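Chains as they are written, first to last, in the deposited numbering: chain D, 23 to 42, 66 to 139, 159 to 936, 941 to 1370; chain J, 8 to 46, 67 to 117, 125 to 181; chain C, 1294 to 1341. Before any comments, here is the structure.
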Amino acid sequence: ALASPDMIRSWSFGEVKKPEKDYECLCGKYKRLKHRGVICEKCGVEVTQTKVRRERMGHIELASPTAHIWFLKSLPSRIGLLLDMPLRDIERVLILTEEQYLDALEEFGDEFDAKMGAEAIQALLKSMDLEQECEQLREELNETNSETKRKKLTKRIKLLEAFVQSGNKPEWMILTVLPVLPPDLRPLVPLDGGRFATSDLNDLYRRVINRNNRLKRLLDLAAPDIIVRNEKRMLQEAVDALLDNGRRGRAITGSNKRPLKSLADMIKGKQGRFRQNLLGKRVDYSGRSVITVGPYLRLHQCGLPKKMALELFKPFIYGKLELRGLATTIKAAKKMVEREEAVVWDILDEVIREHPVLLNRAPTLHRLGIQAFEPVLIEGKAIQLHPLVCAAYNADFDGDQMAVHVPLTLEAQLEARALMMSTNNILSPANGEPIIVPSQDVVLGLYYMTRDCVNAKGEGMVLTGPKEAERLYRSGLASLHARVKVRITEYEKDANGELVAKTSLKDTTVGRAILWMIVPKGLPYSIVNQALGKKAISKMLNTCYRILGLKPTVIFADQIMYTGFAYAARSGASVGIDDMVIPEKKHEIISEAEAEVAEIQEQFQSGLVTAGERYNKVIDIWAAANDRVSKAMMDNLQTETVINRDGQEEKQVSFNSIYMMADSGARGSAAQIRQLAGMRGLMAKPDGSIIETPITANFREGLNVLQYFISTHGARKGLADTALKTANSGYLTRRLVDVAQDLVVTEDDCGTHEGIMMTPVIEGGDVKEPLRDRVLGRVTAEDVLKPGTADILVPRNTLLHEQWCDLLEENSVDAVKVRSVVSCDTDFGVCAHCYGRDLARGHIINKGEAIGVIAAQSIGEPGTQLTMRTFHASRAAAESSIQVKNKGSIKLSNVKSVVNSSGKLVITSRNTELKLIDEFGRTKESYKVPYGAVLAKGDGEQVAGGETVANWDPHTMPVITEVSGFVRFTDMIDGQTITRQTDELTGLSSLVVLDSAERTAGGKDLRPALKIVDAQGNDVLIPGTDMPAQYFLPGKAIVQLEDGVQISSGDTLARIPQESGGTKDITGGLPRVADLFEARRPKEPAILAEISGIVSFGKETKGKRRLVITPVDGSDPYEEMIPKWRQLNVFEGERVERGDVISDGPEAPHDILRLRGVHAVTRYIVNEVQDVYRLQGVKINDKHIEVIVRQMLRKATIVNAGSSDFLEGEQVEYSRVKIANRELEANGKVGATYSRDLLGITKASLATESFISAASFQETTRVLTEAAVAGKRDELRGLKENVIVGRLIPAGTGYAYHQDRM
Amino acid sequence: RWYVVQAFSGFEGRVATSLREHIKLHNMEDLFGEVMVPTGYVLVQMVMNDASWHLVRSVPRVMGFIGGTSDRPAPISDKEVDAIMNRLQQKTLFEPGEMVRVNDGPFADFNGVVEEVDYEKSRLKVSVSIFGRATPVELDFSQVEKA
Amino acid sequence: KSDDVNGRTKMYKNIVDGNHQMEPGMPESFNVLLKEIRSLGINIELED
């Protein structure tokens, strides 16, 4: 509710007419806690106090008029709605332009009189009501009939559906009493430490006091309306600065306070009241700390400092010293603490093992921030830790602050060492891959030992097992070697049951063989050490953690660090000048690049190429050599050894300095290394385009003055790139989590057995995405493989084992049924079997768990990965003609076939896809088909590797006959429709059919049509349907052949030219993904088919948006609106089905959803969203992207009439439950469907069922006032409201309690 | 520039608007830009002139201007820098009716006339000017200076 | 242990010995949400 004179007066303790301790008396003789229950003589005062000051609003302040602001000035009005007013008048008194009103007033004479001040809002509500609008507002409408008759009847039902929550009087809008904050919440910010200069919160509230007296005294002393109404303006000037500071000019202009500081700026200074309220901040037993390294320590440990540990963990330290009997009491210990002691240390060695440490960075976004560690004793200031976990947070130790949290009590101590630690969390929540993956000194060391080494001292002396590591450590024999055979005692758990399998002699290298005894039983061993660990070190730990479990796999990973670092030092490589070798032929490929360009640069000066392409040809010719110099680098580097191995003259892999940084995979890449080495990277102009010429020299060599300018032009961009992205990601991290917020696992399982099919994308050429990564941890509903038997089960799991079952055997089955977050029965929260199972320790964690936060955070940090995409010909040969690289056989889906004149197969239909199938069964290459396609080999016929399948002229989009006959030019008159146009060099008098716009005002109904007719007289019919073989020619159509020519079943009739051609737009990383999150419509949006049936063409090109078609045969002949600008992709005389691409352009979410269905658009989001990050190199899994969408798809326009409000706005959680309850108990008909209202990140998250929460995230200028205005009562059980008011969130263990409580 | 208009608590705000009330009666343009109501002290933006001073003298009498002198606000150096300049000028010769400049105690940064000259007690009852009035207090031959 | 001073001080009682178990009530900082809106000229009082 809101506040009017009486109800504010209940907060108001006895007027403040002017702005000008605990348990003691005034004069100060009854000081301290003495006597107490006694009154003092001088003052008449008690000693006995209490603690209320904050609760009590001291001020009253009765203005002779009023004001407010929320209700005077805000973008959705209230005073403007309750009166029927604009804000502009409620602004200036107490839609067109200002000069338009003054001129409109000048024209409409007098009239006028004049309005009034604030009383002309106050007195208005003295004959204004709520429960009484409902018999009045639509009687005006009832006069000009009808419709509204029912709108009252619905709103009458709406009121009769109460009376629990109601709408309250509009008198509460306006303040005869102006309320003020309590004493404690407004203190003086001290300048020196005792002078107490003017506060940031009282100067304006001195004004509220200043305002009341000036009027109350000049009404007594009599003053004119020139001195009275201006005081009412000046009553509004600060009382309208006091509660809001926005949209106007007021108060002091930058002296002590920079802005103004209102209650609006205290609730909305920047982005709500998180900081003080939600966030709480600061906290007892808190610390900030810097950086070290830590090798001697464990990964399940925490190398704390000396001094800070004693300062924080105080209460237990003494709690020991007091009760046991070390210190006498709490107190003889203080003197011992003040001076620092040796004994204290010894006592506190005990607690460190019993009480952990929770540590984080200054920025954290993932579930990889708050990872916690067991403390261990150290005598060094800077905090030592693990080296693995640093990759999880993502810090390169060069100034990264590590904050500390508190592990107190017993109940809170459970959740540390049980949920989120290093001792606990290993495998990825987001990905299926490991996060515990090393970088730099770890990775390297292992390869640095595990290598096909050149000769070494040894040749080949055979060894048993325990003797190995040592002989190669001992003397002469190095550690690397290559080639030594071993009795490796391996174990393989075959046919389910512990360590089976026996010993073997297998070939490896030797650093390899040193390691292969540490071996605790499991893995492939020696098979895997062979080749390299390039990305396989991570993938090995994968296969550790996938095969073995939790107990053994800790032992494997540990050493990869400790020993992998020990392996890095023992090699003892170098960073030298001669370590790296540039190709000796510099003046060759560069001068070739110079001459090839100088050949074109002579074509500039003379004249052979065109000025625009001249840049492109020079660039392409320079850029041809840039790859050549880089390749000349990469070849004269990597495969250059030349060494004699006993029998002499042998080539090897060169293992020098930076190769074994790169091959191994420390960090970064090869394009980085090339810079140091050969060619400098080309940086563009500030606009975006590139100059003719490049750089020609090397970072290693001596260089030039003006070569560094262009690199700084771009370096400045790259620095702002790295810096400003922290903001946008920081928004995008929040935004996603601020849409999810409260959407979480509850309950058991999904009842319904329906879902979305899983395929690969199969993008253009080679396999960009396989089937294997997709199915990982996704439950089966029914799922029938083979030709009708069993295979897959009704509820069973698709973890890790059954995958290789379904992926090595039965490879032919590509499509399999899979569940989803949307596809469930229970709607509040979501059902467990639907999602998927992506986690750390054991697969499927417990019931009642966050999910929505997993995705939104696991998309949070890769919001830093994307870089807005950094500044990223039409040849009729390789693209128009489809080519196949590998051996196999073609298979098609949804196609109609016809035989040509010569003996070929021709494509007519539209929705067509190629799908190659080889020896195994899976799909490899598959190109999307454009219009008109002669094929060389049909379905069933075999195709070898390196073959041209279909060939076309891309300049033309051909029209082909189905049945043989003769061409009959029907309704073809020369002048109105066709003019005879002779070609340039050949002179083919081609009959050019012109556009509809060029045709006469009368000649509009005449349509160009060629009738296929046989010799016998009667018209040719199509072999199938009722319609005859007749075609229509579009505008701008170059028809070659004239009247009376024999044409068989399959020839080129007319040449439809190209449609725009070469629309190279480029899609963005961060900005498009942000535009996709918010879900924006396309800049050039395409038209799409509404309903199933035959499309036509209709109406004339006159005045408006030309061509108005009725299409869709039978019922539903809706007349559509076309804009002109586009080329008609869809031919009119066609069965253009539900969801067909009518014109050239991008995909609009509103027409993909509202016309198609469930399965379609989710993919068009997910696939394209799966594209954007995956194009650069991010694993955006199927389960977690959909979490975005599966939450968005909720709001709906109501369809049928009943207890629901006809066609208003309702959620999924209301809709489905309402439909369901109506079926077989309550009421059949009222069972209303709901048509979807599907939005982006901003507009959907606006709808909160919570009125605590809404009034924090959104513009609190509006929403705290909104939750108040609408009289909305919370009563929610979600994650939003509980963080705020100090209530319990259902989260992890919380769920177990919330299952028993609510 | 900023001049501190001293006003009386309770009607201190009344003076700040009584500025803006009387501003419109004597009106032209300029002079008063932004009237601040900070609160006995009302800070008022003004460039020095004869106008608006006559207005204050037409409607008193509680308080006037603040700074160094009432005619022309608002300097910052009072009398200690004057007590440094008196050292170059220099007497212990004090009599009834001579100006006897104080610079010690709470009567520092202030001047006065000696009322009583005691030679036996070694004191000078120097009358310091405070609140548009006088304050007679005994201050040593050193606690003061001859003007 | 942040928004409540007295919530810390009744927990200073509970931690040292090793008795444990939690009781908050109202979280103090959010009364400033309520109060600043109360002074805005809107009504907020804990009813029901």
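The C-beta atom is built at its ideal place from N, Cα and C for all residues, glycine as well.
According to DSSP, residues forming a beta bridge with residue i
| i | result |
| --- | --- |
| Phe92 of chain J | J:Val12 |
| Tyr1305 of chain C | For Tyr1305 of chain C, which the question treats as bridged, DSSP gives no partner whatsoever. |
| residue 1374 of chain D | With chain D represented from 23 up to 1370, any question about residue 1374 of chain D goes unanswered, as that position is not in the structure. |
| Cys366 of chain D | D:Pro439 |
| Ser353 of chain D | D:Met466 |
| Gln951 of chain D | D:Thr1016 |
| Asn424 of chain D | D:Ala467 |
| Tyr1302 of chain D | D:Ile1266 |
| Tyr68 of chain J | J:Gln13 |
| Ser163 of chain J | J:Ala168 |
Residue i: first and last residue of the uninterrupted beta strand (DSSP E) it sits in
| i | result |
| --- | --- |
| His469 of chain D | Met466 to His469 |
| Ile1046 of chain D | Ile1046 to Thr1050 |
| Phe35 of chain D | Careful: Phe35 of chain D lies outside any beta strand (DSSP E) and carries neither H nor E. |
| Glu1293 of chain D | No beta strand (DSSP E) holds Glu1293 of chain D; DSSP gives it neither H nor E. |
| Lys180 of chain J | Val178 to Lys180 |
| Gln340 of chain D | Careful: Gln340 of chain D lies outside any beta strand (DSSP E) and carries neither H nor E. |
| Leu173 of chain J | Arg167 to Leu173 |
| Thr1038 of chain D | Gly1033 to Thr1038 |
Status (buried if at least 16 other CB within 10 Å, exposed otherwise) for residue i
| i | result |
| --- | --- |
| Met1040 of chain D | buried |
| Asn1312 of chain C | exposed |
| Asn708 of chain D | exposed |
| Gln1367 of chain D | exposed |
| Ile124 of chain D | buried |
| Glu1340 of chain C | exposed |
| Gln1126 of chain D | exposed |
| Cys898 of chain D | buried |
| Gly766 of chain D | exposed |
Enclosing alpha helix (DSSP H) for residue i [first to last residue]
| i | result |
| --- | --- |
| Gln1367 of chain D | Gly1362 to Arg1369 |
| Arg1206 of chain D | Taken as a continuous stretch (DSSP letters only), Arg1206 of chain D belongs to no alpha helix (DSSP H), as it is neither H nor E. |
| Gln1238 of chain D | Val1226 to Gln1244 |
| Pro926 of chain D | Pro926 to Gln929 |
| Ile601 of chain D | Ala600 to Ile611 |
Handout entry: Near-chain C residues of the stretch 893-912 of chain D (beta-carbon distance less than 8 angstroms), N- to C-terminal order
Key = Along the stretch 893-912 of chain D, there is no position whose C-beta sits under 8 angstroms from a C-beta of chain C.
Handout entry: Residues of the stretch 257-272 of chain D whose Cβ lies closer than 7 angstroms to any Cβ of chain J, in chain order
Key = Of all residues in the stretch 257-272 of chain D, only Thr262, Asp267, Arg270 and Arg271 place a beta-carbon less than 7 angstroms from a beta-carbon of chain J.
Problem - Inter-stretch contact at 8 angstroms, needing at least 3 Cβ pairs: the stretch 327-346 of chain D / the stretch 433-446 of chain D - result: Contact between the stretch 327-346 of chain D and the stretch 433-446 of chain D is absent, because fewer than three Cβ pairs lie under 8 angstroms.
Practice task
Could you say if the stretch 882-902 of chain D and the stretch 808-820 of chain D meet the contact criterion of at least three C-beta pairs nearer than 8 angstroms?
Solution key: Touching, per the Cβ criterion.
Practice task
Take every Cβ of the stretch 944-952 of chain D, pair it with every Cβ of the stretch 1006-1017 of chain D, and state whether three or more of those distances are shorter than 8 angstroms.
Solution key: Cβ pair count under 8 angstroms is three or more, so yes.
Practice task
Residues of the stretch 1296-1330 of chain C with a CB closer than 8 angstroms to any CB of chain D: list them in chain order, please.
Solution key: Identification of residues in the stretch 1296-1330 of chain C having a C-beta nearer than 8 angstroms to some C-beta of chain D yields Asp1296, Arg1301, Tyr1305, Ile1308, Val1309, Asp1310, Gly1311, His1313, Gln1314, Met1315, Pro1317, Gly1318, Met1319, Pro1320, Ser1322, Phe1323, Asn1324, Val1325, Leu1326, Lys1328, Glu1329 and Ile1330, given in sequence order.
Exercise for the section: Taking only beta carbons into account, state which residues of the stretch 333-349 of chain D come closer than 8 angstroms to chain C, listed in chain order. Expected result: Within the stretch 333-349 of chain D, the residues whose Cβ lies closer than 8 angstroms to some Cβ of chain C are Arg337, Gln340, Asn341, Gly344, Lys345, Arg346, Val347, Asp348 and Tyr349, listed in chain order.
Problem - Sufficient close CB pairs (3 or more, under 8 angstroms) joining the stretch 1068-1077 of chain D to the stretch 992-1010 of chain D - result: Below 8 angstroms, too few C-beta pairs join the stretch 1068-1077 of chain D and the stretch 992-1010 of chain D to call them touching: fewer than three.
Exercise for the section: Could you tell me whether the stretch 905-921 of chain D touches the stretch 475-495 of chain D, using the rule of 3 or more Cβ pairs below 8 angstroms? Expected result: Yes: the two stretches touch, three or more of their Cβ pairs being nearer than 8 angstroms.
Exercise for the section: Check each residue of the stretch 306-331 of chain D: if its Cβ is closer than 7 angstroms to any Cβ of chain C, include it; give the result in chain order. Expected result: Of all residues in the stretch 306-331 of chain D, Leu307, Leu327, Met330 and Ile331 have a Cβ within less than 7 angstroms of some Cβ in chain C.
Exercise for the section: Please confirm if the stretch 1239-1257 of chain D is in contact with the stretch 1181-1191 of chain D, defined as three or more CB-CB distances below 8 angstroms between the two stretches. Expected result: They do not touch, by the three-pair rule.
Exercise for the section: Closer than 8 angstroms, Cβ to Cβ, to anything on chain C: give me those residues from the stretch 1340-1365 of chain D, in chain order. Expected result: Contact residues of the stretch 1340-1365 of chain D toward chain C are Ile1352, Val1353 and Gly1354 (C-beta to C-beta distance below 8 angstroms).
Practice task
May I ask you to list, following chain order, the residues of the stretch 282-303 of chain D that have a beta carbon less than 8 angstroms from some beta carbon of chain J?
Solution key: Of all residues in the stretch 282-303 of chain D, those with a C-beta nearer than 8 angstroms to a C-beta of chain J are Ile290, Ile291, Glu295 and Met298, reading in chain order.
Handout entry: Three CB pairs or more closer than 8 angstroms across the stretch 571-587 of chain D and the stretch 529-540 of chain D
Key = The stretch 571-587 of chain D is in contact with the stretch 529-540 of chain D.
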